[PDB]
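Student: Dropping the structure in here first, questions after.
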Amino acid sequence: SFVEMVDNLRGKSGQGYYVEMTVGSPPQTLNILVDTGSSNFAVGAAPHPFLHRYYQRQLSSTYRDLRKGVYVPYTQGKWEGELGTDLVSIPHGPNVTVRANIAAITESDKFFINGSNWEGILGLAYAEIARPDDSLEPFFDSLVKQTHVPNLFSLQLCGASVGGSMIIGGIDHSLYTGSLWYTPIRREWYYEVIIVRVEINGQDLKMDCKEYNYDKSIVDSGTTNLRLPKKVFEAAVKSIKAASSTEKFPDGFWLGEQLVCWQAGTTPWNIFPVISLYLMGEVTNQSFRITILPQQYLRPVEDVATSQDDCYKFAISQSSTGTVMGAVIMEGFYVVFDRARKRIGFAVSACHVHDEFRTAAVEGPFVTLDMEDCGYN
Ligand SMILES: O=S1(=O)C[C@@H](Cc2ccc(O)c(Br)c2)[C@H](O)[C@@H](NCc2cccc(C3CC3)c2)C1
């Protein structure tokens with residue numbers, strides 16, 4: 001019965017993916033951003049320039065105030081509001097209704113995006129990182145406890161304006177090709193995993209694998225880019241520059257500031273290398289890899305003028321909070337958040353990218369010794 005959830009996600013490039021939900025009685029329709037990088041379910045509950053609509057607690061008869069404030073600071077943007085509970089459902093999802101915690105956003109800063117089409121956020125990560133504290137039961141946890149929906153979900157994020165699917169309670173075998181490869185969830189807070197090796201164009205970066213996960217590595221559908229720790233980022237950029245030394249790009253480009261352009265349909269994809277991230281496997285000394293094509297870390301953006309040339313932005317940025325595998329990584333892959341078995345699965349998506357002589361992939365099995373030492377402590 002997962003077919004009903006296929007294609008239940010929409011959104012704009014770089015503005016996140018959202019699914020339709022309803023809260024309160026009678027049901028109030030809202031587009032909620034799907035974010036595996038947080039654990040708070042929050043929605044606008046007051047007027048805002050970027051909000052076409054919002055949650056009105058007054059009109060909901062099933063609303064319950066918790067008389068307790070709350071705020072959440074993201075890497076970029078933040079909001080604060082009032083806690084409470086109410087009935088929630090997902091039209092294009094499982095046919096159920098659960099009472100979940102809801103943070104009514106009353107004030108925010110750089111959180112809502114102008115014209116994103118969503119008015120809330122659904123944090124699918126664990127309680128450990130929920131605000132104010134890990135006692136605020138996350139939405140998915142409530143769903144699993146109050147219904148018979150299996151403890152897992154999968155995400156198929158498709159690029160291009162953008163669409164995808166969020167299969168709640170299972171895996172839809174029609175959304176991916178090949179085999180699914182699983183990596184352990186190291187700890188249940190963020191969806192933390194362990195990168196044991198990195199290669200660019202088949203060339204190993206040869207860095208202490210601890211650097212790849214300093215201070216952690218997470219799968220964040222709520223982040224657009226692939227964010228890398230300072231040292232790793234520098235090495236990656238240096239390698240990518242050399243691979244594309246044929247052409248010249250402004251230094252601001254490698255910082256995600258300036259967008260490079262090329263004649264409509266003349267993008268030199270070949271000069272850009274593929275990036276391979278090896279992840280910890282499910283058995284001793286075993287790992288697997290996911291390969292990313294340039295069409296993934298070169299997010300396309302509208303021409304800065306009236307020109308009709310292909311312009312893109314470097315979707316790989318530096319991080320100070322660990323590696324972040326955002327949409328640019330997830331796009332083209334079918335990702336299974338198998339909470340019940342503490343693992344995350346990856347498979348080539350049915351809506352993957354298309355390069356002439358190259359292809360995004362998930363390959364295994366590989367042998368990698370001392371993977372344990374790759375985790376940071
Ligand atoms: O770039 S982010 O801030 C986008 C954010 C979700 C978000 C928020 C506002 C937006 O317009 C968009 Br688009 C997306 C994620 O949720 C973050 N996930 C990691 C994280 C980083 C710092 C603090 C937290 C606290 C747990 C929530 C989580 C990464």
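These residue numbers are counts, starting from 1, taken along the chain as shown.
We read in the header that X-ray crystallography, 2.4 Å was used to get this structure.
Using N, Cα and C of the backbone, Cβ positions are placed for all residues, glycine too.
From Swiss-Prot, for reference:
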ACT_SITE  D35  active site
MOD_RES   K68  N6-acetyllysine
CARBOHYD  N95  N-linked glycosylation site
CARBOHYD  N114  N-linked glycosylation site
DISULFID  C158-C351  disulfide bond
MOD_RES   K206  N6-acetyllysine
DISULFID  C209-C374  disulfide bond
MOD_RES   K210  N6-acetyllysine
MOD_RES   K216  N6-acetyllysine
ACT_SITE  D220  active site
MOD_RES   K230  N6-acetyllysine
MOD_RES   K231  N6-acetyllysine
MOD_RES   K238  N6-acetyllysine
DISULFID  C261-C311  disulfide bond
CARBOHYD  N285  N-linked glycosylation site
Student: From the recorded positions listed here (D35, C209, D220), select those whose CB sits under 6 A from an atom of ligand 1.
Tutor: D35, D220
Student: If you skip the near sequence neighbours and keep only those at least six away, which residues in the chain come within under 8 angstroms of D220 (active site), Cβ to Cβ?
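Tutor: Result: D35, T36, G37, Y190, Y191, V324, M325, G326.
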Student: Taking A160 and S161 as the residues either side of an unmodelled run of 11, what is the Cα-Cα distance to the nearest Å?
Tutor: 6
Student: Quick one: Cα separation, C311 (disulfide bond) versus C158 (disulfide bond), in Å?
Tutor: 19
Student: Comparing the modified residues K210, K216, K231, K238, which residue's C-beta has the most other C-beta atoms within 10 angstroms in this structure?
Tutor: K216
Student: Which of these recorded positions is closest to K231 (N6-acetyllysine) if you go by CA atoms: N114, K210, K216, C351?
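Tutor: Sorting the recorded positions by distance from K231 (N6-acetyllysine), the top entry is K210.
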Student: For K238 (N6-acetyllysine), which of the recorded positions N95, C209, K216 has the nearest Cα in space?
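Tutor: For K238 (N6-acetyllysine), the closest Cα among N95, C209, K216 is found at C209.
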Student: Rounded to a whole angstrom, what is the C-alpha distance between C261 (disulfide bond) and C351 (disulfide bond)?
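Tutor: The separation of the Cα atoms works out to 25 Å.
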Student: Sort out the sequence-distant neighbours of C209 (disulfide bond) for me: same chain, 6+ apart, CB within less than 8 Å of its CB, listed by position.
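Tutor: Same-chain residues close to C209 (disulfide bond) (Cβ under 8 Å, separated by 6 or more) are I195, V196, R197, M371, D373, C374.
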